[PDB]
Enquirer: 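Let me give you the structure first, and then I'll get to my questions.
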Amino acid sequence: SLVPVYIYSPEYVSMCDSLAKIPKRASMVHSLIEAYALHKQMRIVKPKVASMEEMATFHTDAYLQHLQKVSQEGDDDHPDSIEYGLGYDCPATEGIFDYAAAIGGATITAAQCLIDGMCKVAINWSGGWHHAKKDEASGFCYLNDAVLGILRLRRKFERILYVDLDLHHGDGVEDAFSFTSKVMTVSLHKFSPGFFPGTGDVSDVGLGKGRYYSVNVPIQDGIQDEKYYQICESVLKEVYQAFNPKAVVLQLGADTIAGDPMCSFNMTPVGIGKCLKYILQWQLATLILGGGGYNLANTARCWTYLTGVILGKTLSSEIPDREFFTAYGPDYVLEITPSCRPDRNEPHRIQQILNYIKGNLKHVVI
Ligand SMILES: CN(C)c1ccc(C(=O)NCCCCCCC(=O)NO)cc1
Ligand SMILES: [K+]
Ligand SMILES: [K+]
Ligand SMILES: [Zn+2]
């Protein structure tokens, strides 16, 4: 068990390609990975589809059955749907229940691989839908696969660390485990008035027995690789020493990358890659997930690069993908150049945030 598990099948990718907000992204991601032949260095595992019972380990039957109902024909005019979070952000597209069950099952399959000791790293680039609530779709997320995966991992591993490097706050995962000390959630994210989903200030630390077992790092526009890694490393260092996790779930949404229409952070995959490396050197069972990422070519660039990092491989700069070659224009290279725009993060504020978190984590004692 030294070779990473790569969750993939043509049917799975085809289903993931059907998501309204990210059409064909799953195909572009796999295609680039395939073109670099990285899948040949991984153990390819076909994802099982999640059963109703498996999904009900987190979601309520009422939500699941409603989702299943409107999905059968794609009824986007059902009275109850709005209260279930279906609407503009999360349309009731036809087959959405099967799509959600596939993504959920994929993450669960990855978790099962980790449990069975088939690998130390399992990857589901089409997972990471961190906004989904117990009975509410949210932020393009219909099912919280990350939560399902964490719950599966808990069958074998005592403490789970969830690290969320998406541009957005991993609120759905944080909320799901807000009450417990057995799962710690760490989220680095943009935090600004009005910016979705609005939660996750540094003062948000969890509830009850879960107090101080939620960690949030509010960040402003324009952050680049060096500063981001400095922040991420300091937080993760403190978290690791205090929490001593037995397994890790890592969400690597590429909407932080320069050129993403979200136009907030100014990162390159190299910076995120450094964070990933730091986590990998803990040598723990690690479940790798995707997430946001709306510059499709750049998202493919990012996750392909990260797959290379996981494999310890250095990748050729020239894009080898023929099928989607034109999408990588005009320069057709793997590297991504940061935009020209200011880092809005004041060093004093960042330091305040870091100090606050360090104070919070002192309460965390295993
Ligand atoms: C240009 N256009 C049609 C839109 C632009 C922005 C949104 C939006 O922010 N919606 C709120 C939901 C955002 C979910 C973000 C998901 C994510 O990346 N999570 O990590 C909607 C439409
Ligand atoms: K995040
Ligand atoms: K927690
Ligand atoms: Zn996001």
Side-chain angles (χ1 to χ4, degrees), residues 130-131 139 161-175 177-178 181 183-207 210-225 227-245 248-258 260 262-268 270-279 282 291-292 338 341-345 347-357 359-365:
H130 59 170
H131 295 308
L161 176 61
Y162 174 75
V163 175
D164 194 314
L165 304 185
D166 192 280
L167 179 64
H168 302 93
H169 178 219
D171 63 333
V173 183
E174 179 187 291
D175 290 350
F177 301 104
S178 185
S181 68
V183 174
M184 178 172 282
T185 62
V186 179
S187 181
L188 279 64
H189 52 265
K190 181 172 176 173
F191 184 80
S192 185
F195 188 79
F196 190 87
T199 49
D201 201 349
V202 70
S203 57
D204 290 317
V205 301
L207 294 169
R211 186 170 184 83
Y212 306 114
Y213 287 83
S214 288
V215 180
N216 288 287
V217 189
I219 301 177
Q220 308 305 309
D221 284 341
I223 196 167
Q224 299 191 21
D225 292 340
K227 175 125 104 239
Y228 187 97
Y229 178 70
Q230 291 169 355
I231 294 174
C232 189
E233 188 189 270
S234 61
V235 172
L236 287 185
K237 171 71 170 303
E238 295 281 1
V239 164
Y240 183 84
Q241 288 187 305
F243 182 66
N244 192 39
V248 184
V249 176
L250 178 55
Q251 202 270 26
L252 296 168
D255 44 12
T256 58
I257 303 303
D260 193 288
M262 287 293 180
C263 195
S264 299
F265 289 359
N266 200 12
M267 298 287 294
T268 78
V270 174
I272 297 296
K274 291 195 57 173
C275 300
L276 171 58
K277 284 182 179 179
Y278 191 86
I279 290 170
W282 291 337
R341 50 185 175 91
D343 185 352
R344 301 303 187 175
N345 293 275
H348 76 270
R349 164 94 285 233
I350 291 304
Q351 181 55 40
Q352 284 182 335
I353 293 170
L354 292 183
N355 290 336
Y356 198 99
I357 291 177
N360 292 337
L361 288 179
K362 197 178 177 182
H363 296 267
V364 179
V365 168

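In this chain, numbering begins with 1 at the start of the sequence shown. Quick note: numbers below take in every heavy atom, side chains included, and nothing from hydrogens, waters or symmetry partners.
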Enquirer: Could you check whether any side-chain N or O of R344 sits under 3.5 Å from a backbone N or O of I219, counting only pairs where one atom can act as donor and the other as acceptor?
Expert: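 Here the side-chain-to-backbone pair does not exist.
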Enquirer: Centroid-to-centroid, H130 to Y162, below 6.0 Å?
Expert: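 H130 vs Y162: aromatic centres not under 6.0 Å.
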Enquirer: Hey, is the main chain of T268 close enough, under 3.5 Å, to the side chain of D225 for a donor-acceptor pair?
Expert: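 Answer holds: yes.
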Enquirer: Do you know which two heavy atoms are closest between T256 and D166, and how far apart they sit?
Expert: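 Scanning both residues, the minimum pair turns out to be CG2-C, 3.9 Å.
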Enquirer: Specify the closest pair of heavy atoms between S264 and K190, including all atoms of both residues, with the distance to one decimal.
Expert: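 Taking every non-hydrogen atom into account, OG-NZ, 3.1 Å.
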Enquirer: Would you say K274 and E233 make side-chain contact, with heavy atoms under 4.5 Å?
Expert: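 The answer is no, as the side chains (C-beta and beyond) never meet within the 4.5 Å cut-off.
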Enquirer: Looking at every non-hydrogen atom in both residues, tell me the closest pair between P218 and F191 and how far apart they are.
Expert: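 Smallest heavy-atom distance, with atoms named: CB-CB, 3.5 Å.
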Enquirer: For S192 and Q220, work out which heavy atoms get closest and say how close.
Expert: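 The answer is CB-OE1, 4.4 Å.
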Enquirer: Of the non-hydrogen atoms in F195 and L167, which two are nearest, and what is the gap between them?
Expert: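 Minimum heavy-atom separation between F195 and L167: CZ-CD2, 3.7 Å.
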Enquirer: Are any of the side-chain heavy atoms of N216 and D201 separated by less than 4.5 Å?
Expert: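 Sidechains of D201 and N216: no contact.
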Enquirer: Could you tell me if the side chain of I231 sits less than 4.5 Å from the side chain of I223, heavy atoms only?
Expert: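 Yes, at least one pair of side-chain atoms sits under 4.5 Å.
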Enquirer: Is there a side-chain contact between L161 and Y240 in this structure, where contact means two heavy atoms from C-beta onward sitting under 4.5 Å apart?
Expert: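 SC-SC contact between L161 and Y240 ruled out.
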Enquirer: Specify the closest pair of heavy atoms between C275 and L165, including all atoms of both residues, with the distance to one decimal.
Expert: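 Minimum heavy-atom contact is CB-CD1, 3.9 Å.
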Enquirer: Classify the angle between the aromatic ring planes of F196 and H131 as parallel (below 30°), tilted (30 to 60°) or perpendicular (above 60°).
Expert: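 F196 vs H131 ring planes: perpendicular.
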Enquirer: Do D164 and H189 have side-chain N/O donor and acceptor atoms under 3.5 Å apart?
Expert: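 No, because no side-chain N or O of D164 sits under 3.5 Å from a partner of the opposite role on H189.
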Enquirer: Could you check whether any side-chain heavy atom of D343 comes within less than 4.5 Å of a side-chain heavy atom of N266, counting everything from C-beta outward?
Expert: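 Sidechains of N266 and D343: no contact.
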Enquirer: Any heavy-atom pair between the side chains of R211 and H363 that's under 4.5 Å?
Expert: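 Result no, sub-4.5 Å side-chain heavy-atom pair not found.
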Enquirer: Going by heavy atoms in the side chains, are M184 and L361 under 4.5 Å from each other?
Expert: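 With C-beta onward as the side chain, the pair touches.
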Enquirer: Do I357 and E238 have side chains that approach each other closer than 4.5 Å (heavy atoms only, starting at C-beta)?
Expert: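 No, side chains not in contact.
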